[PDB]
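Structure record follows, encoded as structure tokens.
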Amino acid sequence: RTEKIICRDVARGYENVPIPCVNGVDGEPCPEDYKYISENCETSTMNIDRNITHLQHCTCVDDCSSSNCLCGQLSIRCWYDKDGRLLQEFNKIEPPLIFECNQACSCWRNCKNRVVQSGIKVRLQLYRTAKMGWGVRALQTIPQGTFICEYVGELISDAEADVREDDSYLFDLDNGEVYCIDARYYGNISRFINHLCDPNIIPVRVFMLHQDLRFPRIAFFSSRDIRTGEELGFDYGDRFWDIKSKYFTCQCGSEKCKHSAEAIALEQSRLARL
Amino acid sequence: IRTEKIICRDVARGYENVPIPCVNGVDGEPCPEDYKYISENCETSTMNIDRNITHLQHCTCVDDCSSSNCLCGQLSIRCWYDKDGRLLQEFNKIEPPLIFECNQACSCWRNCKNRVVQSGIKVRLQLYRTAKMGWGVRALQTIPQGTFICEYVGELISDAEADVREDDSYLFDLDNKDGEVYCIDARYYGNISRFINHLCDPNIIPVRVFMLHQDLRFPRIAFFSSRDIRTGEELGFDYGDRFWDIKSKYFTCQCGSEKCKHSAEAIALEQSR
Ligand SMILES: CSCC[C@H](NC(=O)c1[nH]c2c(c1C)C(=O)CC(C)(C)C2)c1nc2ccccc2[nH]1
Ligand SMILES: CSCC[C@H](NC(=O)c1[nH]c2c(c1C)C(=O)CC(C)(C)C2)c1nc2ccccc2[nH]1
Ligand SMILES: Nc1ncnc2c1ncn2[C@@H]1O[C@H](C[C@@H](N)CC[C@H](N)C(=O)O)[C@@H](O)[C@H]1O
Ligand SMILES: Nc1ncnc2c1ncn2[C@@H]1O[C@H](C[C@@H](N)CC[C@H](N)C(=O)O)[C@@H](O)[C@H]1O
Ligand SMILES: [Zn+2]
Ligand SMILES: [Zn+2]
Ligand SMILES: [Zn+2]
Ligand SMILES: [Zn+2]
Ligand SMILES: [Zn+2]
Ligand SMILES: [Zn+2]
Ligand SMILES: [Zn+2]
Ligand SMILES: [Zn+2]
């Protein structure tokens with residue numbers, strides 16, 4: 001069976017690079033039960049605080065590579081190296097909040113502290129997986145620490161998220177009040193990233209053109225070097241699987257998969273033994 | 001004989017598609033720094049702009065949005081941009097229609113033909129010291145008629161806030177003829193447009209455009225050329241009679257045009273007529 005290019009760019013030219021879609025597994029057509037958007041949207045009054053005088057900002061006259069950058073210091077330090085990749089010592093377990101530079105800062109738009117706001121740079125592909133529906137894979141090698149893409153969708157309250165029936169594309173920001181990003185109806189390429197028990201990207205909370213603490217933006221960075229063709233995936237979290245295990249089990253195929261039918265049934269047998 | 005100095009390589013700090021350098025060959029005035037350059041409109045208090053994506057009217061075009069089926073063209077009467085992104089010659093410059101560009105809700109691609117203003121500055125401009133009008137903005141290249149030049153960018157304020165403020169030299173009144181009245185004040189926050197002087201023979205016109213939102217209280221102001229512009233020509237629009245009817249006591253128009261309606265000589269002769 002051939003692997004056919006079925007869409008040149010699922011983002012319709014809104015990203016820095018195209019994101020083609022292929023399917024070499026089955027007859028499923030290019031997904032169109034959603035609206036691709038490249039930045040977060042709202043479907044009710046969110047009215048994000050964009051008061052330019054409320055922004056914390058830096059006075060750097062260099063490229064913000066020094067430790068004196070105020071925006072770096074809000075982030076604990078700037079975690080981006082000269083190439084725009086997270087430092088090796090970046091805490092991948094509990095990532096800090098990143099405050100990138102913004103339109104109030106005295107620095108230039110190409111300073112060293114603007115990775116996420118500059119958007120997608122790697123070549124990604126929407127593709128049909130063997131067992132997990134659509135997935136996202138890399139069309140190039142990707143060094144550890146590289147920005148991949150943002151988790152984009154519909155900004156909704158936690159109260160609205162409880163009312164909704166489908167939470168397969170719901171990212172909980174886990175804040176004031178808790179807000180969420182629902183990519184079910186509006187979303188970007190990130191809505192297609194599957195859960196992996198052996199993940200190779202991590203989500204990081206980031207602030208850029210606003211600092212409304214209700215709405216961090218989710219940025220995915222590679223947690224290791226990634227090879228061309230590798231599926232990208234992050235750990236959806238135990239909380240997701242404690243809910244979804246009742247309906248479906250993990251198909252990541254990892255030798256250490258934690259949420260497979262086999263892993264679940266082995267645990268039940270262990271608990272019944274004891 | 002003073003010579004011209006380059007005093008800033010880019011007053012926009014890399015926020016526009018192209019640099020906008022600043023030169024001075026007239027006096028000792030340094031690069032202006034009594035304001036904050038911003039490439040897009042800002043807020044300093046809540047304007048509650050309607051950004052609900054479901055309120056966007058939008059088109060269902062698969063083509064490049066050149067057909068008369070494009071609802072966005074239809075909301076704009078028609079799409080007024082030719083294949084190269086320029087306003088059609090029959091565009092009404094006296095009474096421009098509202099332009100509705102395509103948006104994130106449209107089914108079309110980001111490169112369709114109805115996205116000129118949202119794609120930003122493409123012409124090369126230069127901030128420079130003029131002889132009698134302070135800072136001005138001139139072209140570094142031929143600019144054919146109908147070309148988008150730049151947006152009038154600044155701080156969104158209410159009608160009430162505008163009346164309180166003292167300096168109205170950088171205040172663009174959106175001239176909302178229906179409901180709530182708002183202004184763009186580029187005094188404290190603004191882009192290259194804050195430096196565009198008045199000309200009685202103007203070569204650019206302001207057009208009210210909607211792009212990522214369709215809150216009719218907050219049109220965005222887009223400058224398009226009204227004639228071919230040669231390299232070195234100063235850019236300028238018509239501030240309107242209401243401006244010079246106020247400012248003429250303190251200064252008069254220094255555009256030097258034969259058509260000048262606001263020079264000292266024009267004022268005197270008109271009253272004699
Ligand atoms: C399709 S999005 C991936 C799955 C989705 N993960 C999340 O929300 C979620 N939030 C956060 C993380 C994750 C993985 C973090 O790593 C750290 C954080 C960014 C501070 C907050 C999730 N978890 C759920 C549970 C119950 C019901 C629905 C759920 N959806
Ligand atoms: C530095 S901005 C240039 C001057 C500024 N022009 C404007 O506001 C203004 N509005 C409109 C235009 C202009 C030039 C138009 O051509 C068409 C329109 C967009 C429908 C409405 C102006 N002159 C004023 C005098 C007194 C009080 C406030 C003023 N604001
Ligand atoms: N590790 C996994 N094992 C089995 N199914 C998965 C796994 N990860 C994601 N999925 C499926 O994908 C959904 C989550 C989506 N955000 C991912 C895109 C999805 N694969 C699609 O084709 O639209 C889940 O509800 C599952 O249906
Ligand atoms: N046609 C003109 N003749 C004389 N002065 C002008 C003219 N047009 C604009 N100005 C001056 O410039 C102000 C308008 C500004 N938005 C333009 C930039 C200003 N020239 C500056 O140097 O910052 C007016 O209040 C005047 O001080
Ligand atoms: Zn800095
Ligand atoms: Zn900064
Ligand atoms: Zn910076
Ligand atoms: Zn697994
Ligand atoms: Zn259209
Ligand atoms: Zn449209
Ligand atoms: Zn279009
Ligand atoms: Zn004049």
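Quick note on naming: the chains in the structure tokens go A, B, ... in the order shown, residues restart at 1 in each chain, and ligands are numbered from 1 in order of appearance.
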
What residues in chain A have any atom no more than 6 Å from chain B when counting only C-alpha atoms, and can you write them as a PyMOL selection string? chain A and resi 12-14+42-44+51-52+108-109

Could you list the protein, DNA and RNA residues that have any atom within 12 Å of ligand 9, counting only C-alpha atoms and all ligand atoms, and write them as a PDB file with C-alpha atoms, in the first residue's frame?
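Written out: out14.pdb:
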```
ATOM      1  CA  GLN B  57     -18.212  36.731   9.215  1.00  0.00           C
ATOM      2  CA  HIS B  58     -15.984  34.715   6.919  1.00  0.00           C
ATOM      3  CA  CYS B  59     -15.834  33.208   3.442  1.00  0.00           C
ATOM      4  CA  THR B  60     -15.956  29.602   2.252  1.00  0.00           C
ATOM      5  CA  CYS B  61     -13.593  30.087  -0.702  1.00  0.00           C
ATOM      6  CA  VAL B  62     -11.225  27.359  -1.831  1.00  0.00           C
ATOM      7  CA  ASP B  63      -9.786  29.632  -4.562  1.00  0.00           C
ATOM      8  CA  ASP B  64      -7.488  32.601  -3.858  1.00  0.00           C
ATOM      9  CA  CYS B  65     -10.577  34.675  -2.904  1.00  0.00           C
ATOM     10  CA  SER B  66     -10.740  36.473  -6.248  1.00  0.00           C
ATOM     11  CA  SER B  67     -14.317  35.451  -7.084  1.00  0.00           C
ATOM     12  CA  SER B  68     -17.456  37.467  -6.308  1.00  0.00           C
ATOM     13  CA  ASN B  69     -18.566  34.530  -4.149  1.00  0.00           C
ATOM     14  CA  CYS B  70     -16.085  35.609  -1.448  1.00  0.00           C
ATOM     15  CA  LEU B  71     -18.315  36.882   1.361  1.00  0.00           C
ATOM     16  CA  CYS B  72     -15.388  38.923   2.669  1.00  0.00           C
ATOM     17  CA  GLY B  73     -15.156  40.745  -0.639  1.00  0.00           C
ATOM     18  CA  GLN B  74     -18.932  41.173  -0.468  1.00  0.00           C
ATOM     19  CA  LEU B  75     -18.799  42.668   3.024  1.00  0.00           C
ATOM     20  CA  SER B  76     -16.309  45.133   1.483  1.00  0.00           C
ATOM     21  CA  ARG B  78     -16.005  43.901  -3.511  1.00  0.00           C
ATOM     22  CA  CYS B  79     -12.401  42.956  -2.986  1.00  0.00           C
ATOM     23  CA  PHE B 100     -13.030  43.305   5.433  1.00  0.00           C
ATOM     24  CA  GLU B 101      -9.932  41.196   4.895  1.00  0.00           C
ATOM     25  CA  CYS B 102      -9.996  37.446   5.226  1.00  0.00           C
ATOM     26  CA  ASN B 103      -9.453  36.102   8.733  1.00  0.00           C
ATOM     27  CA  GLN B 104      -8.714  33.006  10.806  1.00  0.00           C
ATOM     28  CA  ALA B 105     -12.324  31.772  10.358  1.00  0.00           C
ATOM     29  CA  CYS B 106     -12.206  31.793   6.559  1.00  0.00           C
ATOM     30  CA  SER B 107     -11.614  28.516   4.781  1.00  0.00           C
ATOM     31  CA  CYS B 108      -9.061  30.148   2.466  1.00  0.00           C
ATOM     32  CA  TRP B 109      -5.290  30.114   2.907  1.00  0.00           C
ATOM     33  CA  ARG B 110      -3.215  32.834   4.585  1.00  0.00           C
ATOM     34  CA  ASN B 111      -1.839  33.872   1.170  1.00  0.00           C
ATOM     35  CA  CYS B 112      -5.159  34.588  -0.549  1.00  0.00           C
ATOM     36  CA  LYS B 113      -5.634  37.919  -2.315  1.00  0.00           C
ATOM     37  CA  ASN B 114      -7.620  39.548   0.503  1.00  0.00           C
ATOM     38  CA  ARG B 115      -4.894  39.963   3.155  1.00  0.00           C
TER      39      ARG B 115
END
```

Closest of A:185, A:169, A:147, A:134 to residue 79 in chain A, counting only C-alpha atoms, is A:147

Taking only C-alpha atoms and all ligand atoms into account, report as a short mmCIF file (atom, residue, chain, number, x, y, z; two decimals) with N, CA and C atoms, in the first residue's frame which residues have an atom no farther than 9 Å from an atom of ligand 7.
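Resulting contents of part-v2.cif:
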```cif
data_model
loop_
_atom_site.label_atom_id
_atom_site.label_comp_id
_atom_site.auth_asym_id
_atom_site.auth_seq_id
_atom_site.Cartn_x
_atom_site.Cartn_y
_atom_site.Cartn_z
N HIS A 57 8.99 43.87 31.84
CA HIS A 57 9.79 43.94 30.63
C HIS A 57 11.21 44.30 31.03
N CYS A 58 12.14 44.14 30.09
CA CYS A 58 13.55 44.41 30.35
C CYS A 58 14.00 45.70 29.67
N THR A 59 15.16 46.20 30.10
CA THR A 59 15.77 47.40 29.55
C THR A 59 17.05 47.10 28.78
N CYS A 60 17.32 45.83 28.49
CA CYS A 60 18.52 45.41 27.78
C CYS A 60 18.75 46.18 26.49
N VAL A 61 20.00 46.60 26.28
CA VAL A 61 20.40 47.18 25.00
C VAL A 61 21.26 46.21 24.20
N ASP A 62 21.41 44.97 24.67
CA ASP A 62 22.09 43.93 23.91
C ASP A 62 21.03 42.99 23.33
N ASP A 63 21.38 41.72 23.17
CA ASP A 63 20.47 40.72 22.64
C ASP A 63 19.83 39.88 23.75
N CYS A 64 19.84 40.38 24.99
CA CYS A 64 19.23 39.71 26.13
C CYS A 64 19.89 38.36 26.42
N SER A 65 21.16 38.21 26.05
CA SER A 65 21.90 37.02 26.45
C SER A 65 22.52 37.13 27.84
N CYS A 69 19.16 40.42 32.21
CA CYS A 69 17.85 40.57 31.57
C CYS A 69 16.74 40.32 32.58
N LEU A 70 15.85 41.30 32.75
CA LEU A 70 14.80 41.13 33.74
C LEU A 70 13.87 39.99 33.36
N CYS A 71 13.64 39.81 32.06
CA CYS A 71 12.72 38.77 31.60
C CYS A 71 13.31 37.39 31.82
N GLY A 72 14.62 37.25 31.61
CA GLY A 72 15.31 36.04 32.03
C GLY A 72 15.13 35.77 33.51
N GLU A 100 9.13 35.17 28.00
CA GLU A 100 9.86 35.71 26.87
C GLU A 100 9.74 37.24 26.88
N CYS A 101 10.62 37.88 26.13
CA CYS A 101 10.53 39.32 25.91
C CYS A 101 9.28 39.66 25.09
N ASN A 102 8.89 40.93 25.17
CA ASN A 102 7.58 41.36 24.70
C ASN A 102 7.70 42.78 24.14
N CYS A 105 9.46 45.57 26.16
CA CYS A 105 10.91 45.52 26.36
C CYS A 105 11.63 46.48 25.43
N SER A 106 12.79 46.95 25.88
CA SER A 106 13.60 47.82 25.04
C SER A 106 14.39 47.07 23.98
N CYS A 107 14.43 45.73 24.03
CA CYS A 107 15.27 44.97 23.11
C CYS A 107 14.61 44.83 21.73
N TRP A 108 15.34 44.24 20.79
CA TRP A 108 14.86 44.05 19.43
C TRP A 108 14.08 42.74 19.31
N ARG A 109 13.25 42.68 18.27
CA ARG A 109 12.40 41.52 18.03
C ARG A 109 13.20 40.23 17.81
N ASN A 110 14.49 40.33 17.52
CA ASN A 110 15.31 39.14 17.34
C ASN A 110 16.24 38.87 18.53
N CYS A 111 15.88 39.34 19.72
CA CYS A 111 16.72 39.04 20.87
C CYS A 111 16.67 37.54 21.17
N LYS A 112 17.58 37.09 22.03
CA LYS A 112 17.72 35.66 22.36
C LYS A 112 16.57 35.08 23.17
N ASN A 113 15.60 35.88 23.59
CA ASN A 113 14.57 35.40 24.50
C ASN A 113 13.19 35.43 23.84
N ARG A 114 13.08 34.91 22.61
CA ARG A 114 11.85 35.02 21.81
C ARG A 114 11.59 33.75 21.00
#
```

Taking the backbone alone, and naming residues the way the document does, which bits of range 22-233 of chain B are strand (DSSP E or B) by DSSP, as a ChimeraX atom specification? /B:22-24,36-37,42-43,52,81,87,99-100,125-129,135-139,143,148-152,154-158,171-173,182-190,197-198,204-210,220-225,229

If the limit is 6 Å from any atom of ligand 4, counting only C-alpha atoms and all ligand atoms, which residues qualify? Return them as a list in words. residues 133, 134, 135, 136, 169, 170, 194, 195, 196, 197, 198, 199, 252, 253, 254 and 255 of chain B

12 Å contact set for residue 218 in chain A, only C-alpha atoms, chain neighbours under 6 positions out, as an MDAnalysis selection string: chainID A and resid 39:40 95:98 116:117 147:153 155 171:174 180:181 190 201:208

Contacts to ligand 8 at 7 Å cut-off (only C-alpha atoms and all ligand atoms) as a count of residues only: 11

With only C-alpha atoms and all ligand atoms counted, collect every polymer residue having an atom within 10 Å of ligand 12; state the result as a ChimeraX atom specification. /B:198-202,238,244,252-264,266

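Considering the residues A:103, A:146, A:157, A:188 and counting only C-alpha atoms, residue 46 in chain A has its shortest atom-to-atom contact with A:157.
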
Env. residues ligand 2 / 8 Å / only C-alpha atoms and all ligand atoms / as a PyMOL selection string: chain B and resi 95-96+168-176+183+194+196-198+205-208+221+237-244+246

Which neighbours of residue 116 in chain B fall inside 12 Å, counting only C-alpha atoms, when residues of the same chain fewer than 4 positions from it are skipped, and could you give them as a tab-separated table (two decimals) with N, CA and C atoms, in the first residue's frame?
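part-v9.tsv, written as the output of this step:
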```tsv
chain	number	residue	atom	x	y	z
B	79	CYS	N	-13.82	42.87	-3.30
B	79	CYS	CA	-12.40	42.96	-2.99
B	79	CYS	C	-11.76	43.99	-3.90
B	80	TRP	N	-11.10	44.98	-3.30
B	80	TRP	CA	-10.52	46.11	-4.02
B	80	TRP	C	-9.05	45.92	-4.36
B	81	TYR	N	-8.47	44.78	-4.02
B	81	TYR	CA	-7.06	44.51	-4.25
B	81	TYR	C	-6.90	43.78	-5.58
B	82	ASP	N	-6.01	44.29	-6.44
B	82	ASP	CA	-5.73	43.60	-7.69
B	82	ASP	C	-4.77	42.45	-7.42
B	83	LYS	N	-4.30	41.79	-8.49
B	83	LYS	CA	-3.47	40.60	-8.35
B	83	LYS	C	-2.20	40.88	-7.55
B	84	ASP	N	-1.74	42.13	-7.53
B	84	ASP	CA	-0.51	42.51	-6.85
B	84	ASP	C	-0.75	43.11	-5.48
B	85	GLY	N	-2.00	43.16	-5.02
B	85	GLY	CA	-2.30	43.68	-3.71
B	85	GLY	C	-2.54	45.17	-3.65
B	86	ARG	N	-2.86	45.81	-4.78
B	86	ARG	CA	-3.08	47.25	-4.83
B	86	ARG	C	-4.56	47.57	-4.97
B	87	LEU	N	-4.95	48.72	-4.44
B	87	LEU	CA	-6.33	49.15	-4.58
B	87	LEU	C	-6.63	49.45	-6.05
B	99	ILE	N	-13.10	47.99	4.52
B	99	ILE	CA	-12.52	46.78	3.95
B	99	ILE	C	-12.52	45.67	4.99
B	100	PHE	N	-13.06	44.51	4.61
B	100	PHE	CA	-13.03	43.31	5.43
B	100	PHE	C	-12.08	42.32	4.77
B	101	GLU	N	-10.90	42.17	5.36
B	101	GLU	CA	-9.93	41.20	4.89
B	101	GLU	C	-10.33	39.81	5.38
B	102	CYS	N	-9.76	38.80	4.73
B	102	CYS	CA	-10.00	37.45	5.23
B	102	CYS	C	-9.33	37.27	6.60
B	103	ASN	N	-9.80	36.26	7.33
B	103	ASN	CA	-9.45	36.10	8.73
B	103	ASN	C	-9.27	34.63	9.07
B	110	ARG	N	-3.79	31.59	4.10
B	110	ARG	CA	-3.21	32.83	4.58
B	110	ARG	C	-2.61	33.68	3.47
B	111	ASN	N	-2.41	33.12	2.28
B	111	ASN	CA	-1.84	33.87	1.17
B	111	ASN	C	-2.87	34.24	0.11
B	112	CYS	N	-4.17	34.19	0.44
B	112	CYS	CA	-5.16	34.59	-0.55
B	112	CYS	C	-5.06	36.10	-0.80
B	120	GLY	N	1.51	43.37	6.49
B	120	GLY	CA	2.48	44.32	7.02
B	120	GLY	C	3.19	45.15	5.97
B	121	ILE	N	4.22	45.88	6.42
B	121	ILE	CA	4.89	46.84	5.55
B	121	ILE	C	5.76	46.09	4.55
B	122	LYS	N	5.67	46.48	3.28
B	122	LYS	CA	6.55	45.96	2.24
B	122	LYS	C	7.39	47.03	1.56
B	146	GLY	N	-1.82	52.96	-5.27
B	146	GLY	CA	-2.61	51.90	-4.69
B	146	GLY	C	-1.86	50.97	-3.75
B	147	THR	N	-0.58	51.22	-3.49
B	147	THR	CA	0.20	50.33	-2.64
B	147	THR	C	-0.06	50.61	-1.16
B	148	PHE	N	-0.26	49.55	-0.38
B	148	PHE	CA	-0.28	49.69	1.07
B	148	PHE	C	1.08	50.17	1.56
B	149	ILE	N	1.08	51.20	2.41
B	149	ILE	CA	2.30	51.78	2.94
B	149	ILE	C	2.53	51.33	4.38
B	150	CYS	N	1.61	51.67	5.28
B	150	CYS	CA	1.75	51.35	6.69
B	150	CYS	C	0.42	51.64	7.36
B	151	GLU	N	0.28	51.13	8.57
B	151	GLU	CA	-0.90	51.30	9.40
B	151	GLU	C	-0.67	52.42	10.39
B	209	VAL	N	-10.01	49.34	7.96
B	209	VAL	CA	-9.89	47.92	7.64
B	209	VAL	C	-10.17	47.08	8.88
B	210	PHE	N	-10.78	45.91	8.65
B	210	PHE	CA	-10.97	44.88	9.67
B	210	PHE	C	-10.24	43.61	9.26
B	211	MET	N	-9.56	43.00	10.22
B	211	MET	CA	-8.74	41.83	9.93
B	211	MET	C	-9.04	40.70	10.91
B	222	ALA	N	-5.44	52.08	7.65
B	222	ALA	CA	-4.42	51.64	6.71
B	222	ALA	C	-4.17	52.72	5.67
B	223	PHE	N	-2.90	53.08	5.49
B	223	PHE	CA	-2.52	54.08	4.49
B	223	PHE	C	-2.13	53.38	3.19
B	224	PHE	N	-2.81	53.75	2.10
B	224	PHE	CA	-2.49	53.32	0.75
B	224	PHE	C	-2.09	54.54	-0.06
```
